[PDB]
Amino acid sequence: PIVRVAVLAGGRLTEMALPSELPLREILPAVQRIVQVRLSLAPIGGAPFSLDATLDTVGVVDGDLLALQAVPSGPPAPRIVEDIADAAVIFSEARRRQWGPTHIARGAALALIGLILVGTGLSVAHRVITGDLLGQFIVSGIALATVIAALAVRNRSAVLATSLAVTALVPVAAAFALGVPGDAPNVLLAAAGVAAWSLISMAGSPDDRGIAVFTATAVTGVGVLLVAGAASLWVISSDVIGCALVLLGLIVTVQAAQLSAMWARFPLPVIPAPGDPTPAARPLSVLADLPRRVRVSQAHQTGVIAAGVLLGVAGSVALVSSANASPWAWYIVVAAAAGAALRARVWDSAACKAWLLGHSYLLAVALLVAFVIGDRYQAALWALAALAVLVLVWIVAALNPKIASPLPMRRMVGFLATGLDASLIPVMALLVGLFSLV
Amino acid sequence: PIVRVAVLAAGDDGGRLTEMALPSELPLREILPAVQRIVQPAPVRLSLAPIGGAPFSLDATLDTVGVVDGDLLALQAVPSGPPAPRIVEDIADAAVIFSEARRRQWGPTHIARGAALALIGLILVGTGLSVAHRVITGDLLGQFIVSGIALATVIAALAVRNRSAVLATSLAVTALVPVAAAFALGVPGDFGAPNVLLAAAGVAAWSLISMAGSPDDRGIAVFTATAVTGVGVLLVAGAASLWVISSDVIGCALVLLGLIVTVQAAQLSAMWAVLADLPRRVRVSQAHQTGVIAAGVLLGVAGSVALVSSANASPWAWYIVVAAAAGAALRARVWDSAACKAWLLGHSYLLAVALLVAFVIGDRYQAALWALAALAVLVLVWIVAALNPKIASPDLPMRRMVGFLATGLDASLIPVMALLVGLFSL
Amino acid sequence: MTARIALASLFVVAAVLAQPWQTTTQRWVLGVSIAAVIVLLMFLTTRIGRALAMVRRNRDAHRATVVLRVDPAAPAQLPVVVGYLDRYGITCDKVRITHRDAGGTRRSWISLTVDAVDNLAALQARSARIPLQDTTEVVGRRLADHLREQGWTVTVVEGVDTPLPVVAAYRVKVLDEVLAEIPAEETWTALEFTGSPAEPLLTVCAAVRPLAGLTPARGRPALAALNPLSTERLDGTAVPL
Amino acid sequence: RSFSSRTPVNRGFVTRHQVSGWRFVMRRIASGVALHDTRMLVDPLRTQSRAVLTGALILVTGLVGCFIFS
Amino acid sequence: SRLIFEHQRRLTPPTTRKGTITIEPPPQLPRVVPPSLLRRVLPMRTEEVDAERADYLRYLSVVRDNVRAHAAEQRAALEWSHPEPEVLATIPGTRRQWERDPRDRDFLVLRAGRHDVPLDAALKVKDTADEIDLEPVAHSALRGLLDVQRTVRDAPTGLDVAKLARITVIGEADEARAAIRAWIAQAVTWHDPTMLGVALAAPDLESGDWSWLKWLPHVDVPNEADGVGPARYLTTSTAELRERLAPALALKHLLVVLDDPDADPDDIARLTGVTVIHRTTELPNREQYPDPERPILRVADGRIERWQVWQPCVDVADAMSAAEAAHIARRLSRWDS
């Protein structure tokens, strides 16, 4: 009738073999002699035993972990329990930390972003409005300091690093624009600066944060550079800048996912020759990196579509917004807008659909602010009316989810969506006068 | 050698919270059967965890991992099993499979967010267009279009109140830009003195209409902030339009109003609003506190700009703007929450930014560089305070010295207000 | 005291700009400025305000307390009761030990006060409603079990006592000599610990029905807060032990 | 009958089959990150790109047709 | 004394469909021509062969999904029957401790790590083409399918100690005993004391390193007393262990682990289940064709490399510590069967 247990006494548990059917008043002196006030054998987190009850009375079996502890002063201390029902708000009171040092970092980061924005704005207004060479010196100093700050902290933070690199391309694009005197031929160097800084900071990046803000500014800067190069060297009107910008937006909006999967550096196909290729398989070190490259491809695709929308509004606001241009321009503007609305039936990511359906909204807003800044104030009310029709056709599709739920009707909609970008570039030939030059 | 803790076992139905005496200096794989015997029946291998942290691995005892006698320990699992990443070699199937963590479905719930954002943008740009028509030409269509779309957004933010309550509150928040533009363009003249009185009256009236008819939180702090700001600018323009000429007592009056509603923010927020629904009333009172402190910061920045915007500024004014800024920055230590601390710490930043804007608009360009320098000094002390963490255990009698400085510096500008407005030299 | 420093500096700067003390216009304001800076200097106007509030007096459910009558009180049970300021995730606001020497039999009470705003979401997990009293009784039963285990006897009570007749409630400056010396036929002594028991901070009040280092309380709330069933804070600043 | 392409067991020049298969793979990847289906029953990106290409073709045709009318 | 155990019937495991998954062969490179330039100026082209390529890649995605379902089903069965050696502390109190009856397909197999098991489904592509050239993308995609999805990734693996009859372990003396303790804990958790037994020989055994074998109900003989516990098999010598092991070997399995690298390794045999897990000092030179039985497994830092010719055979091993196996054996001493 022997029960062998492990008795805890500096907390090194021994191994004992106690007799079971004897009262503890004789077992306890031998246990105090072997292992090492009324001490007694208690189970872990429990009350000590009745000192005259046997071990096969209380229910100790071979393998219990007893502990030597003193008997208390009379009450059993019955171990009360309160039932709770919504414990997920207790853990949510531990993640919701107080002020601490983790808020000062976000405050100082936001304050530094505000410094760079205000120091770009004031020191651009000190050169555009009136003043000497003091104004652009501050822009260039802020630009070079922000470039070395965003390139020096890429390994310590990688969130403040990409935020400083996003914020860095307003004083970079403002430092080279009004840096060179003269006038416009100055957007060439500003487009080169914002494209070069957007392509440098896209190299050492994680999976995200090489999102739309970088590759959209890169493709927008490359497009504005390739359009303004034709204005700096030659002499072209507003009916060529808008045509080249809308055509560039159409080109790198249509060829967007091919350009994304080229720019994502995928594990290229190993399509073999009909001779004796026997090519090696893709190793598992480059196959496990693939869910990062898919996210980089999706971010590059969203940015390429957003840059195509920004270019297709950036020249759409230069074809017709000057003063009463030809109705071919008033067709190309609506044709690019309706084309970028009809392309949203093709894609499947939500941010690309949002950037494609917001091209009409951005067009109405940009034509409104270009009618105001050009001092017309009569077609500005009509641009606001067109924006009102756009918000109304958003609302009717929103609150009534039957219009927004898509067999010859869809084929006719696709025929319109192919006819618009089929007929855009012939109207681009009608507009510039390239038919009339031959 | 025991420690008394209380374990939490929220797995079965709700949860159990039970106090117990676990022996310290014993590794946790020996006392987790005891906890699982007490709290669970009264499986992945479960371990004790501090609430808000990683679970304790079973090698270390309760002593070596540091639980103070009286802690609250949850019963979590061992932290993770080994995850198995999916591996595909066809890159098109890798593009359709590995990009499913996108919630890429369009659905009739992205169009709702798009329509709400489009309506807010249309209201804001209609207000901007018709104000820019009114402030550069002379016409009766500016007031017509602004009073059209402001009445439109008030009626469309009152009648959708019992339908969404997320578009309703956000529409009522963006509706006080066209209300502020609709009330400020009546009886045109040459922009007058009481146009700001009509704008502040309309903003405060609409904010109280929409705050007293607000169901819950998420849109009380903005409405209380703009309500107290509108009432303060209304009570200053009431003296600037009816009482006297009010040359530059407007700035000291607004800094006095900001100081009064900042240091007495608790009494105003108590004046704003058997066991009740206290998780709602606590959030409502905290939103009212954040709103009153934000209104104090905004009125302080407004008066602090109106004092030292113009040239030949009196040096008492240039003292009192810095004294109000340092007082509202040193009042951050007395408020517990995060947004109140953020508003009181960013009052000085907002003052430097608004002074830079008021120097650019006033066409000086000579002290706006100094405003950029002061802003650079403020962000430099922000970066120095953020890089190496100096929390407020140093920086026990020195905290009393900081408290005496904060009591004096909040009191030093009260006689300078009376000295600057010419009240002493009557 | 920022408003009184503000008004004192206002009257002083009114005196300083009053240099040509002629024709009693810049002399009456000098007299007012030297007669009003002596009434604002700030420890005298609070006496007038407290007297007016006494003349006004002559004409909750957010904090819940539990009380335990411990008969053979001791200093050695002061650790196990001071640890209840923050333990088991319940963070009681104040722990009060009150002795009453009415006659010879010193009756000792222990009072625990649980707030509902300080631990709002620590009670929101117990039910959809807030069981404030149902968990204050749980904290009281846990302290009763812990204190009954270590040797003493404790009993939960609900109709505790009367600290004021429905007389002289001084406050002490924080210790052992005063608490052993503080006569009349009834004497009350209350120690109150608050604030994070790794470093608690206490106040002590004491009523009789100035001895060594006492301080009388002019102007009663300090008597009505002295019963162990009070949800109040025994007004007066607290020292760090 | 005929001779299918056979190579028994035992430089670089792209064939027509390698170029056509590379363009099919690049039209399956770019219809995998865009449409999120690689079944390739229909593919609208090729429809948009051929629409812009026929726009440029109509430009070139009208330019040459005006050059013979000049 | 002890508690009692009753042979509750085994729970149902997820059944593996180890059959034959056939794939249709790739198309046979149809020959298109250059487009015969009058046909290129008019408006089997490339469109027909591209539509056929897309049909074959749709079929290949279907069979890739079926193969991945087979692999997830096999890994679910292996993770159900060979859990990570921290889950098996919640096992020995429940109704799923003494479960592995000898009729099972996983009986007396002991988990040792997590490496790439070879996917017991067939994955056989049917071809009859005598060296014909196949379509390049439609053959490159199947050539990429038949070696990436052909092997499962990291999956629980097992020493099949029913058919090993010896184990030789080389390595450092407190990271090889971790692996010995780990799969002897996998042995003593799942199989009943009427199926396997555990003995030991060690010179310094009662020192916290091998002492955790006190409490196990497997190490007892039938009918000895020995004072404290019945016989315990925890001897010090090697031939004296065999003298204690006289009636037990003459079918109840055994895992007679020997700890001393010296003192006559495998004195018991040379049996039919006495898998004497012996650890030694250093590796052989050109050992004679390492058998399917009697293998040699060097325990590395985190791998258990099998001696083949180093063919590491386990990508990440499991290492049960001393007190962890003490907690396993202490929660197991209650139940006798």
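Listed as the method for this PDB entry is cryo-EM; the listed resolution is 3.7 Å.

Per the PDB entry, chain D goes by the name ESX-3 secretion system EccB3 and belongs to Mycobacterium smegmatis.

Per the PDB entry, the recorded name for chain B is ESX-3 secretion system protein EccD3, and the organism is Mycobacterium smegmatis. UniProt's Subunit comment on chain B is quoted here verbatim: "Part of the ESX-3 / type VII secretion system (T7SS), which is composed of cytosolic and membrane components. The ESX-3 membrane complex is composed of EccB3, EccC3, EccD3 and EccE3." The heading Sequence similarities in the UniProt record of chain B holds the text "Belongs to the EccD/Snm4 family."

Attention now moves to the environment of A:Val35. Residue and element names in this part refer to chain A. Following the sequence through the fold, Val-35 ends up in helix 1 (residues 24–35). The spatial distance from the C-alpha of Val-35 to the C-alpha of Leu-13 is 8.5 Å, given a sequence separation of 22 residues. For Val-35, the residues in contact, after removing those within four places along its chain, are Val-7, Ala-9, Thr-14 and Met-16.

All right, on to the side chain of A:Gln301 then. Here A:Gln301 shows up in helix 13 (residues 290–314). Those residues in contact with A:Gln301 that sit more than four places away from it in its chain are A:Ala257, A:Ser260, A:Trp347, A:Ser349, A:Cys352, D:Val33 and D:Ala34.

Per the counting criterion, the structure on display carries four aromatic pairs over all chains. Plain terms: the ring middles of C:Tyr84 and C:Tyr88 are 6.4 Å apart, the flat faces sit at 90 degrees to each other, and that makes the pair edge-to-face. For C:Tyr84, a relative accessible area of 1% gives the class buried. With centroids separated by 6.4 Å and ring planes inclined at 90 degrees, the aromatic side chains of E:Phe5 and E:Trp98 adopt a geometry described as edge-to-face. The pair formed by E:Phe5 and E:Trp98 is uniform in burial state, with each residue classed as buried. Over the ring of E:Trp80 we find E:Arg96; its NZ or CZ atom is 3.9 Å from the centre of that ring.

Further remarks concern the side chain of E:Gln97. You can see E:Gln97 is positioned in the loop between helix 2 (46–81) and strand 2 (109–116). E:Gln97 has contacts with E:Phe5, E:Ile91, E:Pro92, E:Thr189, E:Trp190, E:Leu332 and E:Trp335, leaving out every residue within four places of it along the chain.

Another point: the sheet that holds strand 1 (residues 64–70) of chain C. Residues and elements named next belong to chain C. If you trace the eight strands from one edge of the open sheet to the other, you get 4-1-3-2-6-7-5-8, paired in antiparallel fashion. Single-partner strands in this sheet number two, and they are strand 4 (154–157) and strand 8 (214–215). Summarising the sheet, strand 5 (residues 168–172) and strand 7 (residues 201–208) pair through four bridges and their orientation is antiparallel. In the strand pairing of strand 7, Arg-171 is matched with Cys-205.

Right, let's talk about the nonpolar core for a bit. E:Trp183, E:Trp210, E:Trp212, E:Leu255 and E:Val256 are the most contacted members of the largest nonpolar core, which totals 63 residues. Contributions of two or more residues to this core are made by strand 2, strand 5 (166–170), helix 4 (177–190), strand 6 (196–201), strand 8 (253–258), strand 9 (276–280), strand 10 (296–299) and helix 6 (322–330) of chain E. The leading source of residues in this core is helix 4 of chain E, at nine residues. Not counting residues up to four positions away in its chain, the partners in contact with E:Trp183 are E:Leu110, E:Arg111, E:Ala112, E:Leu159, E:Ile167, E:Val169, E:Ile277 and E:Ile304. Counting residues in hydrophobic clusters, the runner-up holds 61 residues, among them A:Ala257, B:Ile87, E:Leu57 and E:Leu142.

The next point concerns the pattern of salt bridges. In this structure the tally under the stated criterion is 57 salt bridges over all chains. For A:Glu82, the salt bridge goes to C:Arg126, with nearest N and O atoms at 2.4 Å. Of this pair, A:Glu82 sits in strand 5 (residues 81–84) while C:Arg126 sits in the loop between helix 5 (120–123) and helix 6 (132–149), placing the two residues on different chains. The same class applies to A:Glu82 as to C:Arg126, namely buried. Notably, a salt bridge pairs E:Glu305 with E:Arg298, separated by 3.6 Å at the nearest N-O pair. Judged by its relative accessible area of 14%, E:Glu305 falls in the buried class. Taking relative accessible area as the criterion, E:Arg298 reaches 29% and is therefore assigned partly exposed.

In this section: the interface of chain B and chain A. A common way to state how big an interface is: give the accessible area lost once the parts meet. On the side of chain A, 74 residues touch chain B, which itself brings 77 residues to the contact. Roughly 6,300 Å² of surface becomes buried between chain B and chain A when both sides are summed, with 77% attributable to carbon and sulfur atoms. When residues of chain B are sorted by the area they lose upon contact with chain A, B:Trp106, B:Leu129 and B:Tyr365 head the list and together hold 11% of the total. Our enumeration of links across chain B and chain A arrives at one salt bridge. Salt-bridge contacts for B:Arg16 lead to A:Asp83; the nearest nitrogen and oxygen are separated by 3.7 Å. Summed over the shared surface of chain B and chain A, the result is ten residue pairs in polar contact.

All names here are of chain C. With seven of eight residues buried, strand 3 (residues 107–114) lies mostly within the body of the structure. Pairing analysis gives seven bridges linking strand 1 to strand 3, with the strands arranged antiparallel. Among the inter-strand pairings, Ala-64 is bridged to a residue of strand 3, identified as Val-114. In this sheet, strand 3 lies alongside strand 2 (residues 94–100) in antiparallel orientation, the contact comprising seven bridges. Paired with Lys-94 across the strands is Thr-113, a residue of strand 3. What sits between the antiparallel neighbours strand 2 and strand 3 is a turn of six residues, in which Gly-103 has the positive phi angle 90 degrees.

Residue and element names in this part refer to chain A. Side chains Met-16 and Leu-18 of strand 2 (residues 16–19) all project onto a buried face; the interleaved residues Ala-17 and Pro-19 project onto a face where none is buried. Taken together, the four bridges between strand 1 (residues 2–8) and strand 2 define a ladder with antiparallel strand orientation. In the sheet register, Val-3 faces strand 2, and the bridge partner there is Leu-18.

The next point concerns the interface of chain D and chain B. The partner chain B presents eight residues to the seven residues of chain D that form the contact. Summing both sides of the interface, chain D and chain B together bury roughly 600 Å²; the carbon and sulfur share of this comes to 61%. Summed over the three residues of chain D that lose the most area to chain B, namely D:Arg28, D:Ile29 and D:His36, the buried surface amounts to 71% of that side. Inspection of the region where chain D meets chain B yields two salt bridges. Linking D:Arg28 and B:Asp90 is a salt bridge whose minimum nitrogen-to-oxygen distance equals 2.9 Å. Inspection of the region where chain D meets chain B yields two residue pairs in polar contact. Here the residues of the side of chain D that touches chain B sort into two nonpolar, three polar and two charged.

Before going further, it helps to examine the environment of E:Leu37. In this fold, E:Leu37 is placed in the loop between strand 1 (22–23) and helix 1 (38–41). Taking the C-alpha atoms as reference, E:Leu37 lies 74 Å from E:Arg10; in sequence the two are 27 residues apart.

Turning to the packing of helix 1 (residues 16–29) of chain D against helix 2 of chain E, a few remarks are in order. Two elements in contact, helix 1 of chain D and helix 2 of chain E, have axes separated by 11 Å at closest approach and are oriented at 55 degrees. Considering their axes alone, helix 1 of chain D and helix 2 of chain E lie oblique with respect to each other. For the element pair helix 1 of chain D and helix 2 of chain E, the recorded crossing hand is right-handed. Across the interface between the two elements, D:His17, D:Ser20, D:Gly21, D:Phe24, D:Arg27 and D:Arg28 of helix 1 of chain D pack against E:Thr46, E:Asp50, E:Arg53, E:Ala54 and E:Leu57 of helix 2 of chain E. Split into classes, the residues belonging to the contact of helix 1 of chain D with helix 2 of chain E amount to three nonpolar, four polar and four charged.

How each quantity is defined
- Residues numbered from 1 in each chain as written, not as in the entry; some residues may be left out.
- Chains lettered and ligands numbered in written order.
- Heavy atoms only, no water.
- UniProt positions renumbered as here; feature names shortened; annotations may be inferred.
- Helix = DSSP H or I, 4+ residues; strand = E, 2+ residues; numbered from the N terminus.
- Contact = heavy atoms within 4.5 Å.
- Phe/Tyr/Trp six-rings, centres within 6.5 Å; stacked < 30°, edge-to-face > 60°.
- Buried < 20%, exposed > 50% of the residue type's maximum accessible area, 1.4 Å probe, protein only.
- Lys NZ or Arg CZ within 6 Å of the ring centre and 35° of its normal.
- Pairing = 2+ DSSP bridges.
- Core = buried A, V, L, I, M, F, W, Y, C linked by side-chain atoms within 4.5 Å.
- Salt bridge = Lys/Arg side-chain N within 4 Å of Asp/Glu carboxyl O.
- Buried area = accessible area lost by both parts, 1.4 Å probe.
- Polar contact = N/O pair within 3.5 Å; in protein donor to acceptor, adjacent residues only side chain to side chain.
- Nonpolar A, V, L, I, M, F, W, Y, C, P; charged D, E, K, R; others polar.
- Axes fitted to C-alpha atoms, helices over the stretch in contact; angles between N-to-C directions.
- Parallel < 35°, antiparallel > 145°, perpendicular 65-115°, else oblique.
- Left-handed = near helix turned anticlockwise from the far one by under 90°.

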